[PDB]
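S.K.: Submitted below is the structure of interest, expressed as structure tokens.
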Amino acid sequence: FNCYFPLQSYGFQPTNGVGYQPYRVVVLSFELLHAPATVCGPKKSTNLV
Amino acid sequence: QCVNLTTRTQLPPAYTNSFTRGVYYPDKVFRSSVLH
Ligand SMILES: *[C@@H]1O[C@H](CO)[C@@H](O)[C@H](O)[C@H]1NC(C)=O
């Protein structure tokens, strides 16, 4: 009474419908202008004028 | 490791005031000759 076990598991079966099909979710997070950016795409740098 | 110092003596939590302490550059953004 007034006591529940919070830890639970997601039921995963390959025959379940699309509602129960697990989707791996990778949330992409970033910081803007808070530091020099060390991650930048392969965009070739140019000369300075 | 867990060995206590013998001659060590406790002291009450005395307090001390600071003057300019706590002032720093907020971040990598630079400013000069201005008041922000
Ligand atoms: C020192 O002695 C106290 C009281 O017996 C003990 O709780 C503690 O674990 C010992 N070790 C240190 C260095 O605090």
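Here's how to read the names in the structure tokens: chain A, B, ... by the order shown, residue numbers from 1 in each chain, ligand numbers from 1 in the order shown.
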For ligand 1, collect every residue having any atom at a distance of at most 8 Å from a ligand atom (counting only C-alpha atoms and all ligand atoms); output as a ChimeraX atom specification.
M.R.: /B:1-5
S.K.: Only C-alpha atoms, please: the residues just picked out, written as a PDB file, in the first residue's frame.
M.R.:
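Saved to again-v4.pdb:
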```
ATOM      1  CA  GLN B   1      45.241   6.366   5.064  1.00  0.00           C
ATOM      2  CA  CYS B   2      42.632   6.584   7.828  1.00  0.00           C
ATOM      3  CA  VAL B   3      45.262   7.593  10.411  1.00  0.00           C
ATOM      4  CA  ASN B   4      44.365  10.632  12.535  1.00  0.00           C
ATOM      5  CA  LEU B   5      46.899  13.390  13.202  1.00  0.00           C
TER       6      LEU B   5
END
```
S.K.: Give as a PyMOL selection string every residue of chain B that touches chain A within 9 Å, counting only C-alpha atoms.
M.R.: chain B and resi 27-29
S.K.: Can you tell me, as a ChimeraX atom specification, what residues are no more than 8 Å from segment 10-12 of chain A when counting only C-alpha atoms, ignoring any on the same chain fewer than 2 positions away?
M.R.: /A:8,14,16,20-22
S.K.: I'd like the interatomic distance between atom CA of residue 31 of chain A and atom CA of residue 43 of chain A, to a tenth of an Å.
M.R.: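 Interatomic distance here is 20.0 Å.
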S.K.: Name all residues at most 12 Å from residue 36 of chain B (count only C-alpha atoms; drop same-chain ones fewer than 6 positions away) and give them as a CSV table (one decimal) with C-alpha atoms, in the first residue's frame.
M.R.:
```
chain,number,residue,atom,x,y,z
B,25,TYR,CA,36.3,37.0,-17.1
B,26,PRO,CA,32.9,35.5,-17.7
B,29,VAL,CA,34.3,36.7,-25.2
B,30,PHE,CA,36.8,39.6,-25.1
```
S.K.: So how many Å separate atom CA of residue 33 of chain B and atom CA of residue 19 of chain B, to one decimal?
M.R.: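 Result for atom CA of residue 33 of chain B versus atom CA of residue 19 of chain B: 23.0 Å, one decimal.
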